[PDB]
Structure formats: structure tokens, C-alpha cells
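Here is the structure we will look at.
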Amino acid sequence: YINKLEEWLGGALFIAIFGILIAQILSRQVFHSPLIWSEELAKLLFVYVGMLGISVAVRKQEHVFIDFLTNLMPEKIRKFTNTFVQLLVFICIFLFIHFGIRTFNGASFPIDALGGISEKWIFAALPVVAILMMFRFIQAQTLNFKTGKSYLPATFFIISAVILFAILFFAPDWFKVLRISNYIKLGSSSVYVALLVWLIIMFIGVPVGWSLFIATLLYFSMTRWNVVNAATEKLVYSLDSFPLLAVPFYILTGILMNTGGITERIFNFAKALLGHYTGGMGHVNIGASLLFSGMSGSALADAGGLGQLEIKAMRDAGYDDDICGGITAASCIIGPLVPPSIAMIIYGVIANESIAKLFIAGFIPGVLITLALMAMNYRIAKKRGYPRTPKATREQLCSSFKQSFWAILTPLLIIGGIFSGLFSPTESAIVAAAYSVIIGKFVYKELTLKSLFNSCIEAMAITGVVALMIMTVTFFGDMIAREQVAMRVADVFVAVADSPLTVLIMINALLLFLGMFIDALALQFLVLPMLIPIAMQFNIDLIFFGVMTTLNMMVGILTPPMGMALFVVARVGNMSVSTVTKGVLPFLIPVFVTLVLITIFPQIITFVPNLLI
Amino acid sequence: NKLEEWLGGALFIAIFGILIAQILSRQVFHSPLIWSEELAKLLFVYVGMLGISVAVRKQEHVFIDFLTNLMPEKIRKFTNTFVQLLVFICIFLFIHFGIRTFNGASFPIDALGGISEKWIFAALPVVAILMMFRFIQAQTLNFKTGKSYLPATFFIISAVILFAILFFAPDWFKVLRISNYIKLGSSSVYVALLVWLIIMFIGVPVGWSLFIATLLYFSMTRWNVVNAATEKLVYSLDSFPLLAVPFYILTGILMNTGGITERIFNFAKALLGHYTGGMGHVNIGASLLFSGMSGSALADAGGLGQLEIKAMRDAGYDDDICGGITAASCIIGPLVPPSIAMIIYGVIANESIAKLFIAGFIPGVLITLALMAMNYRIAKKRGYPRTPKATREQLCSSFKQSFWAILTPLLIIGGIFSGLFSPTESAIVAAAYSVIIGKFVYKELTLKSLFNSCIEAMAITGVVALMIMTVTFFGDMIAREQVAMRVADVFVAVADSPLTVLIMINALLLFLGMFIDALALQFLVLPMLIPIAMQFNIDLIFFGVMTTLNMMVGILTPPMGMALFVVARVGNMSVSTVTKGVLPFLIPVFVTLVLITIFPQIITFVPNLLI
Ligand code: NA
Ligand code: NA
């Protein structure tokens with residue numbers, strides 16, 4: 001029809017990348033005859049895949065935005081706010097089109113190890129998909145206006161776009177009027193003004209992926225506009241990255257492993273293993289979450305794939321509702337810590353750090369979290385005197401292990417690939433996806449071509465949202481580093497640079513405070529760009545800083561009044577949010593304790609990666 | 001699966017806008033552009049490819065169905081299987097030739113900032129792959145309905161193995177060259193022509209039969225020449241005069257609205273409705289006025305037929321007379337400019353289109369006058385009654401109602417004749433005026449209707465584009481083998497007078513027009529007669545007008561004619577009565593044709609004086 005054209009085309013390109021990578025590994029490992037074009041071809045296709053994902057997201061209106069202030073507004077103000085955000089997004093898309101055309105015209109360098117092919121093939125992705133994004137925005141405007149959620153029809157946008165394109169193509173010297181330098185010369189306060197405007201527009205519902213672009217454009221307009229052409233290439237260059245390839249494949253691996261059949265087998269094995277100790281079903285839940293974390297890079301999937309079973313088992317065992325909710329909500333944070341992890345990949349991409357070292361560093365805190373949660377569950381259960389389930393016979397344990405053998409072999413594969421160094425994170429993700437597909441198709445007989453295509457489509461759709469923010473934050477970093485914001489901030493914060501512990505304490509406190517009202521995914525892209533240079537200023541190790549920031553932000557999904565884990569657990573378990581929060585409250589002590597422990601003693605985190613690499 | 005329709009319609013409106021900027025800048029701003037024509041051609045190539053793909057998907061390519069209508073279904077199974085296999089081979093070779101030609105072309109375009117010709121030449125394999133996919137999709141339904149013995153999976157595996165062999169072992173193809181076994185020699189072209197006639201009469205579409213015939217001839221002698229010959233396949237569509245066809249078709253479709261046609265009929269009835277035999281005069285005049293805009297006879301037959309038939313029946317006419325008049329009055333369309341057939345002839349023979357239009361204007365008027373005289377005589381002899389004469393108020397109201405409708409033919413004719421606009425520019429202006437009138441003046445136009453009209457125009461132009469490219473490919477072999485010189489050496493005895501050649505050609509065309517449709521017959525006949533006509537020092541404009549008239553004659557001849565069937569369908573009467581009523585009206589057409597072929601000066605004088 002006329003909406004699935006990006007999903008039909010994007011899905012086909014996703015399959016092509018999978019076939020190319022699997023051929024690269026087979027040739028190197030088996031035949032010892034490596035290929036020189038696989039990486040470049042994969043990155044070239046991934047650029048288009050990411051652009052198509054962005055188009056899908058902007059069509060479905062699914063871009064991340066802060067809704068804390070938006071949730072406390074009568075609709076009569078929401079109408080004006082939505083009108084403003086629609087205008088801002090339209091302007092951003094038009095400027096994307098202009099900059100993509102210009103940077104495609106400017107591409108000159110050839111691509112070696114690809115037959116001398118010019119770089120215009122890479123650089124042409126931006127305008128062709130920006131046109132589709134503009135079409136999708138115009139299409140969505142009709143639905144927005146018809147229901148009374150905005151003030152402007154799509155005819156207004158069509159007329160404005162036609163007029164703007166005609167002006168841009170027939171007299172581009174008319175746009176020099178709207179330069180702030182022509183009226184007021186702020187000087188060195190341009191960065192502060194741009195950041196203030198960025199915060200103001202971000203707090204009123206504008207998505208971050210456009211807010212960063214708007215802030216950077218305002219800064220450039222204030223000082224000088226001719227320096228934007230040099231910096232605009234980073235938008236295309238950010239997607240042309242090898243480490244960024246692992247995100248969609250890890251997402252697809254999690255999606256494929258999150259079927260009902262595999263989860264039931266894993267939970268049955270865990271229950272047969274840890275079901276008869278003091279605090280049985282709590283230990284069962286913790287163990288199941290730990291096992292799932294080795295193959296899943298997200299916490300919401302773990303929360304939504306096992307809650308209805310773990311909560312029921314705990315209720316049958318003799319557990320109160322608050323305890324069930326607390327354990328279920330607390331056990332979710334293990335996922336993002338144990339590798340693989342989307343948050344660690346994002347931090348490594350932003351800070352230009354090796355993902356493997358981040359994974360190795362973050363492996364230990366997951367084990368510490370698991371042990372602390374198990375100890376707390378045992379103490380609570382012993383205090384309350386809950387009954388003990390009968391011991392399982394050896395035959396049932398053996399049968400459950402035989403059933404779940406191939407399902408549980410995956411985390412071992414991931415850890416062996418990563419720790420031993422035989423594979424890179426992207427190759428590890430590719431191997432994991434191939435193994436999961438084989439297991440689903442031939443061993444469990446629970447997969448179909450339609451299901452595989454739908455999983456690929458979902459992975460691309462969730463990848464596009466991250467891709468837009470990645471490219472925009474890469475654009476924002478140039479503005480941040482050009483004017484030396486971090487150096488000035490450090491100079492202002494004098495007499496506190498004596499001890500790095502004070503800086504770490506302040507950063508942790510700020511992150512904890514901000515995590516109570518902003519979702520983790522948005523908070524990461526909101527706070528990292530201005531903190532990474534500041535951390536670099538104080539000679540703070542970047543691997544330890546990344547681990548600490550990831551843990552601190554993952555803590556924030558458990559604290560009221562805004563926490564996704566609390567809402568998900570309450571919805572799944574059919575219980576009120578207040579009871580879930582009350583049950584969660586006693587379980588926040590171990591996480592704070594381990595956070596303080598790693599903050600005081602960085603050697604715990606730093607020892608393992610140094611020994612291994 | 002509207003993937004081609006959605007993308008093709010987007011390109012169609014892009015072409016329309018670019019052409020508009022060309023004429024406006026050149027007229028009032030006096031700042032002509034240097035890239036509008038190049039962009040128009042470059043986009044028209046893709047538009048034609050998309051139309052061909054759509055036609056392949058819908059299985060609507062033209063073919064001869066005379067012998068196919070006289071055989072049992074058992075034979076039809078084998079015939080359809082053979083046709084499917086031949087089309088599959090044609091599409092595969094199409095893909096291969098597109099890839100080779102794209103990998104060969106390197107020349108730049110100086111009129112577009114040095115852009116390489118690869119941009120033009122890459123449109124062949126990209127759309128060829130989509131055509132192959134559409135054929136595979138249609139094969140499933142063909143096998144499901146029981147019309148063929150070959151399922152789709154067989155085609156899939158055959159395509160896979162063929163692609164693998166081509167990419168990894170092209171040298172294995174050296175066993176299918178006829179030069180391996182026997183060297184036919186000079187008679188290779190004759191053998192290829194015999195195979196072409198047979199494969200056409202079997203039921204293969206023309207646009208593929210010509211390709212098969214020329215490929216067989218090339219493989220008969222040397223396969224290394226087809227590499228040089230394959231550039232014409234893409235260069236054929238890269239033509240600016242060819243752009244007039246889709247826009248004229250769109251203009252006709254837009255103007256064929258029921259509201260406009262009702263007003264035109266009302267004005268014609270108020271004007272010429274009271275004379276003896278008034279209804280026939282009204283029918284002829286309305287057909288002439290609508291042919292001033294349209295360029296197809298089928299629109300004339302199917303649009304205004306019911307109202308004219310009802311008016312004639314009310315007046316007290318007979319069924320045979322009304323049917324005959326309605327059928328015979330539809331041939332004025334292709335004669336009066338604009339006309340699709342004249343454009344096709346000009347493209348094939350490389351002749352000016354404005355000269356063709358000017359030359360062909362007069363015979364349409366002669367036909368109209370002859371038909372009016374014949375109708376008047378028949379009505380007077382049969383003693384039909386007379387209608388009262390309308391008063392000045394009715395005629396003035398009709399004029400005020402249909403002013404904007406009758407403006408368009410005069411605008412088009414004035415643009416063509418005065419030399420102010422080229423035929424493509426005239427088509428663009430006509431389309432713009434029609435859409436403006438529809439949207440704002442009469443208020444019966446919607447954006448969805450415009451998109452549907454554009455889709456229909458693209459679908460109907462793809463079929464013509466495929467035949468155009470294939471016939472241009474065929475002409476290469478025809479010219480290389482020196483067929484016309486051999487034919488002249490054979491019929492040296494016929495060269496006594498050019499009148500003998502003309503009457504022989506006319507008789508052959510008249511005999512061939514009783515079984516084949518006008519379009520298929522034209523595409524079969526023109527490539528073989530144009531070089532022969534040039535051989536005998538025969539003028540090409542006069543020959544084109546005469547051939548167009550002779551081909552248009554065949555649509556009113558039994559046992560095959562589209563006009564008879566359409567008139568019978570829309571008139572609720574048997575085909576036999578329609579034929580027996582048409583028969584007395586064929587005399588003026590034959591008389592006009594004989595008069596034209598006797599005095600070519602009648603056709604020749606007007607364009608030379610007008611130029
Ligand atoms: Na994980
Ligand atoms: Na006409």
C-alpha cells in the first residue's frame with residue numbers, strides 16, 4: 001500500500017546485512033581467507049537502514065520526549081504546545097533536507113577497499129529519506145488536526161513547504177535576514193543562551209532528537225553561520241560506525257529469545273534448582289532474571305516476559321503482594337548491567353571507548369547486585385517465617401535441564417565469545433542471532449518466516465529512535481567542545497577539584513535527583529554530552545565513569561514518582577502502584593550500598609579488564 | 001501492489017511541472033532554461049519503464065487474437081505455455097542487455113553539468129527486475145486458473161539457475177548460436193521474418209515477437225553485433241516528441257467528463273438540430289468538436305454514443321441508420337489533430353509532427369462534409385420528419401454554458417498552426433487549461449480523480465512505449481539487411497507508375513484491416529513499408545496521412561472492428577444490424593481515399609503554404 005514501503009524495504013536491507021556478516025566470519029575462521037569489503041558494505045547498508053528507521057519513527061510519532069511537565073497541563077495549553085512542537089519538527093526536517101543535499105554535493109573522497117567507489121553513495125542517504133520523512137510528517141498532520149490535538153491543517157504545511165522550497169531554490173540570499181548576528185551580538189554568552197533555550201524547549205514536550213539540533217542551530221546562527229558546513233558532515237559520519245551495528249542484532253536476539261516457550265523452560269529449570277531454600281521463589285526470580293540478562297540487553301523485556309508467572313508462583317508459595325512486587329521490580333536492573341547492554345554501547349559510542357572493556361568491567365557489578373538481592377530476600381523471608389517448599393527429586397531436575405539445555409547455552413556462548421577475545425561485540429551479536437534463529441527453527445520448532453520478518457521490522461523500528469539521537473548528539477558534541485564548556489565549568493568549580501571523590505559524589509547526587517522525573521533513555525542522552533568532557537577534565541577513568549553512570553541511571557527506573565519498572569510490575573501483577581512502591585522501598589538499600597562501594601573503591605571495577613586486556 | 005502506480009504518478013506530476021516552467025520562462029520572463037528538456041526526457045524514460053512493468057503485471061499487452069479465437073481450450077493450454085516461456089526468455093535477455101549497456105555507457109551530458117549517461121541507462125535493469133517479479137507473480141494465478149502447465153516454482157528455479165550460469169559461466173551459452181551448426185547465409189533475414197509471422201499468429205504479443213525475431217536473426221549470423229545494437233533500446237524512449245502522447249491522452253481523459261460532454265451535445269443539438277436529417281448532423285458536429293480535443297476514436301464511440309442514439313431514436317430514426325452514423329462518425333478523431341497515430345508514425349519515420357498535423361487536418365474536414373451530405377441524402381430519401389427550430393435564447397444560453405468547453409480545440413489548433421508552440425508544448429498547454437477549467441470553472445474535479453487519470457494515462461502509454469522501443473530495435477536489422485532494395489529489385493515491373501505502388505499498398509492494407517486491430521496492424525505494417533516507400537521516391541508526409549486514413553478505415557469493416565462492437569454494446573442492438581447500417585456509409589470514405597491517393601497535391605499544398 002503506501003505506509004509499509006519503508007518497512008518492506010528496510011526489512012530486506014536488514015536481511016542482507018545479516019548475510020554479509022555471516023560470510024565474513026565463516027571465511028576468516030574456517031577458510032582463513034578474509035574479505036575486505038564486508039565491513040564497508042555493512043556500514044553502507046546500515047546507514048540507509050537507520051534512516052528508514054528514523055522515517056518509520058517520525059511517521060508513527062514515537063520519538064522520545066520528556067512528559068513530566070506535559071502531564072500537568074490542561075488540554076487548552078496542550079493544543080498550543082503541540083502546535084509549537086509540530087512547527088519545530090517541520091523546520092528541523094526542512095533543514096535536514098537542505099543540509100543533506102549540500103553535503104551530498106560536497107562528497108569527494110573515494111572509498112578504498114571497495115573498488116574506488118565514491119563516498120556519494122554513503123552521503124546520498126540523507127536527502128532521499130528526508131523526503132520520505134517530510135511526506136510522513138505531512139501525512140500525520142492530518143490525523144493530528146482532525147482529532148483536535150493541534151491548530152494547523154496539513155494544507156498550511158504543504159503551502160509553507162512549497163513556498164520555502166521555491167525561495168531556497170530561486171533566491172537563497174533572502175535567508176540571510178534571519179541571522180541573530182545582524183541585530184544583537186552576544187559574544188561568549190551564546191552558548192549559555194543556546195543551552196537555556198534548549199532546556200526551555202525540551203521541558204515543553206519537544207523530543208530531544210530535535211531539541212539538540214535546534215539548540216546547535218541557534219548557537220551557530222548567533223555567532224557565525226558559515227562554520228556549519230564543516231560540522232554538518234558528522235551527522236552522516238555518526239551512523240557510519242561498526243560498533244553501532246551491534247544494537248539492532250542484540251535487540252533482535254532478545255526479541256527472538258523472549259518467546260513464551262523458551263521462558264517457560266528457563267523458569268521451570270530455575271524453579272527446580274532454587275525452589276526449596278528459605279526464600280525459594282524470590283531466589284527463583286533472581287536466578288531467572290540473572291539467566292535472562294546474559295542474552296537480553298534490556299530490563300523492560302525481562303519485566304514483561306516473566307512477571308505473570310513469577311508473581312503467581314510467589315503468591316502460591318505464601319508471599320505477600322508487596323514483597324512480590326518489590327522483588328519483581330528490583331530484579332529487572334540486573335539486565336542492563338550484565339553484558340550485553342544497550343546503555344553501555346551508547347556510552348561507548350558517545351565517549352569513543354571500547355565496548356568489550358565496558359562489558360568486562362560491568363560484569364562484576366551484576367554479580368554483586370544478584371548476591372545482595374539474594375541476601376536481602378533471605379533475611380526478609382527468615383524474619384517473616386514463610387513456609388518452605390518440598391525438595392525436588394533428581395529426576396525432575398535432570399529432565400528440566402535436558403529440556404532447557406540449548407535455551408540456556410546462549411549466555412555461555414556470549415560470555416565465551418566476549419571474554420576470550422575470539423570475537424568482537426558485533427561478531428558476537430551476529431553469532432548469537434544466528435544461533436537463536438537455528439534453535440527457534442530446528443530444535444524447538446517455534447519459528448516461522450513471518451515471525452522472523454516481524455521481529456526484524458520491530459528491531460529496525462526500535463533502532464531508528466536510538467539512531468536519530470545518536471546522530472544529533474554527535475552534532476551537539478561539536479558545539480559543546482568548540483567553546484570549551486567543560487574547562488570553564490571546572491574553573492568555576494574551584495576549591496572542589498582537590499579531591500575527585502567530591503566531584504563523584506556531586507555527580508551521583510545530581511543523577512539520583514534527576515532520575516526521579518526523567519526516563520533513563522532520555523536522561524542518558526540528556527546528561528552524558530555535558531558530563532563526559534567534565535569527567536575527562538578531572539582525569540577520571542572513562543571505563544569506571546561509564547560503569548558508575550550506567551548503574552546510577554539504571555537505579556532511577558525504580559524510584560518514585562516516575563519509574564517504568566513500577567508501572568510495568570503493577571500492570572502485570574494486577575496491583576496498585578502504591579503497594580508496589582512500598583514493597584520496592586526495602587530493596588533499594590543493597591543497590592545504594594553497592595553503588596557507594598564501587599564509588600569509594602574503583603579498583604574493584606578496574607581490576608578485571610586490566611588483567612584480561 | 002500499487003508500487004509502480006504510486007511511483008509513476010509522482011514522476012508524472014514532476015514532468016508536468018518542469019515543462020510548465022519551460023514555456024512560462026521562455027514566454028513572459030524571456031529567460032529560457034537549458035535543462036528542462038533534458039530533465040523531461042530523463043524522467044520520461046523511467047515513466048515509460050514503469051508503464052511497461054504495469055502492463056506486464058496486468059497482462060494487457062496487445063496481440064493478434066484472430067487464430068486464437070478458433071481453437072479448443074486444449075490447444076490454448078499449449079499456446080499459453082509457449083507464450084509464457086517466450087516472455088520469460090525475453091525478460092531475462094532484457095535484464096542481461098540492460099546490465100551490459102549500463103556497464104558500457106560512460107559518456108557525459110553537457111546540457112546537465114557533465115552528468116554521466118549512466119543515469120539515463122541505469123533505468124533498464126532496475127525496472128527489468130521488477131518486471132521479472134511481476135511475471136513471476138502473475139504465473140501463480142495463471143497456473144491456479146488452469147490456463148497453463150507451468151507452475152511458478154519452475155520459473156523461479158529456472159531463473160535462479162539461469163542467473164547462476166550467466167554470472168559464473170557465460171561461455172556455456174556458446175552452444176545456442178545457430179552459426180555452430182549451419183550457416184544459412186543471406187536468407188537468414190527471411191527465415192527470421194517467417195518465424196516472426198508464425199510466432200505472431202500463435203498469439204505472442206507484438207512487442208516481444210519483434211524482439212524474438214531480431215534476436216534470432218542476430219544469432220543466425222554473428223552475436224557480436226547485438227552489443228552495438230542494444231543502445232537503441234534505451235535511446236528510443238529518450239525522445240522529446242514522444243512526450244506528447246501521455247499528455248494528449250490525459251487531456252482527452254479529463255475532457256471526456258460526462259458534464260462537459262452533455263453541455264457540448266446540448267449546444268450541438270441547439271445549433272444543428274432543425275435541418276433535414278438534423279440528428280445525424282448533430283452527431284457529426286459533436287464528434288468533430290470533441291475530436292478537436294481528443295486523439296482516440298474509442299473515446300468518441302464510448303462517451304457520447306448513448307445520448308446521440310437516444311436523440312436519434314426520439315426523432316423517429318431507424319436502428320440501423322443511427323447505429324451506422326454513430327459508428328462512422330467516430331473516425332474523425334484520429335484524422336483531426338491531435339492524433340496518437342500520427343505521432344506514432346512521425347516517431348517511427350523521423351518526420352516533423354506539426355507538418356503531419358497540418359497535412360492531416362484537411363481530410364478530416366472532407367470526411368465530415370461527405371458524411372453530412374450522405375446523411376442529408378438518406379434522410380431526404382427516407383422522408384424523415386423535421387424538428388422545430390430553437391429560438392435565439394436557447395442558443396445563447398448554450399453558448400454561455402459551453403464557451404469554456406469549446407475554447408480548448410480552438411486553442412490547440414491555433415497553437416499548432418501558428419507555430420507559436422511545439423506539439424509537446426501544445427499538449428502541455430492543453431492539459432493545464434483542462435485541469436484549470438475542471439478545478440475552478442465547472443467544479444467537478446477532485447485530486448483523487450486527477451491521480452486516477454494520471455495512473456490510467458501511464459498504464460495506457462506503457463504499452464505503446466514497449467512497442468516503440470522494440471520496433472526501433474527491429475528497424476536496425478531491417479535497414480542493415482537491405483530488404484527494401486531486394487523488394488524493389490523483385491517488383492521492378494511494378495515501378496511503371498507510382499500510382500500502381502500506391503494502389504497495391506492500399507489494397508494490401510484494406511485486406512489486412514479486416515482481421516487485425518488498428519494499432520497492432522500499424523505496428524506490424526509500418527516498419528516494412530516505410531523503407532519501401534522511401535525507395536520509390538514517395539513523399540513521407542502524404543504517405544503517412546494515407547496510411548493513417550487506411551488503417552482507421554479498418555475499424556468499420558467486418559468481421560473485425562472495435563467501433564462496431566462498441567456501438568452495438570452501447571446501443572443495445574445486434575452487431576448484424578450495426579454492420580448493415582454502416583455498410584451504406586462506407587462509400588464516402590472509399591471515395592475520399594481514392595481522391596486523396598489520386599491527387600497528392602491536395603495534401604501537399606496546405607502545409608507548404610502554411611509554413
Ligand atoms: Na543484559
Ligand atoms: Na483529434
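The way I read the labels, and the way they are meant: chains A, B, ... in the order of the C-alpha cells, residue 1 as the first residue of every chain, and ligand 1 as the first ligand shown, with later ones counted on from there.
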
Any chance you could tabulate, as a tab-separated table, the residues of chain A at most 12 Å from chain B with each one's nearest atom pair and distance in Å to one decimal, using only C-alpha atoms, in chain and rising number order?
residue	atom	partner	partner_atom	distance
A:1	CA	B:2	CA	6.4
A:2	CA	B:6	CA	8.0
A:3	CA	B:3	CA	11.1
A:4	CA	B:3	CA	10.7
A:5	CA	B:3	CA	8.4
A:6	CA	B:3	CA	12.0
A:8	CA	B:3	CA	11.3
A:9	CA	B:3	CA	11.8

So which residues touch residue 183 of chain A within 10 Å, counting only C-alpha atoms, skipping near sequence neighbours fewer than 5 positions away, as JSON, numbers by chain? {"A": [177, 178, 222]}

Residues up to 8 Å from ligand 2, counting only C-alpha atoms and all ligand atoms: could you list those as a ChimeraX atom specification? /B:290-296,332-339

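Closest approach to residue 592 of chain B among B:259, B:303, B:364, B:419 is made by B:364 (distances from only C-alpha atoms).
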
Identify, with DSSP run on backbone atoms, the residues in segment 338-476 of chain B assigned to alpha helix (DSSP H), and express the list as a PyMOL selection string. chain B and resi 340-349+353-382+392-418+423-436+447-476

Selected residue, from A:486, A:182, A:494, A:564, that lies nearest to residue 537 of chain A when counting only C-alpha atoms: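 Checking each of A:486, A:182, A:494, A:564 against residue 537 of chain A, counting only C-alpha atoms, the winner is A:486.
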